[PDB]
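The primary structure of each chain is shown beneath.
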Amino acid sequence: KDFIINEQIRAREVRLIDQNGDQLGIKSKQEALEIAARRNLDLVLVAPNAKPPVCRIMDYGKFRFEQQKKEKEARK
Ligand code: PBM
Ligand SMILES: [Cl-]
Ligand SMILES: [Cl-]
């Protein structure tokens, strides 16, 4: 569920996938953070144990809200 995002990420390099599924390739964490920032989105570590770790560009708050919404609705 919970993913670490943005500056919480410690990986030197990550494989980057953008908000639409475009495979941006291997990028330094710094460049990945720049791309996320220019798009006003978050850099989310979706696959911490992949080699190299996989990050997805997305709005973390919107993603998390929808996930919690889904869980709650299906149980009431
Ligand atoms: C990967 Pb830079 C500090 C424009
Ligand atoms: Cl640079
Ligand atoms: Cl943000």
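Residues numbered from 1 in each chain as written, not as in the entry; some residues may be left out. Chains lettered and ligands numbered in written order. Heavy atoms only, no water.

By the naming in the PDB entry, the protein is TRANSLATION INITIATION FACTOR 3, taken from Geobacillus stearothermophilus. Recorded in the entry header as its title is "TRANSLATION INITIATION FACTOR 3 N-TERMINAL DOMAIN".

**Q** For this particular structure, what's the right way to read the pattern of salt bridges?
**A** A side chain of one charge can pair with a side chain of the opposite charge if their charged atoms are brought near each other. Counted under the stated rule, the structure contains five salt bridges. When the shortest N-O distance is used, the salt bridge between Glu71 and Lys1 registers 3.8 Å. Taken together, the residues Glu71 in helix α2 (residues 60-73) and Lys1 in the segment before β1 (13-17) connect sequence positions 70 residues apart. According to the relative accessible area criterion, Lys1 is exposed, its value standing at 77%. Where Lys27 meets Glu31, a salt bridge forms, and the shortest distance between an N and an O atom there is 3.0 Å. On the basis of relative accessible area, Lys27 is assigned to the buried category, the value being 18%. Judged by its relative accessible area of 31%, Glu31 is partly exposed. (Salt bridge = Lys/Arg side-chain N within 4 Å of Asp/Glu carboxyl O. Helix = DSSP H or I, 4+ residues; strand = E, 2+ residues; numbered from the N terminus. Buried < 20%, exposed > 50% of the residue type's maximum accessible area, 1.4 Å probe, protein only.)

**Q** Sorry if this is basic, but what is going on with unusual backbone geometry here?
**A** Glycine aside, a negative phi is what most residues show, and trans is what most peptide bonds show. Note that the residue after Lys51, namely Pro52, is joined by a cis bond; omega there is 0°. Despite not being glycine, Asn6 shows a phi value in the positive range, around 45°. Note that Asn6 resides in the segment before β1. The phi torsion at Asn40 lies on the positive side, around 55°, for a residue other than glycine. By relative accessible area, which is 69% here, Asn40 ends up exposed.

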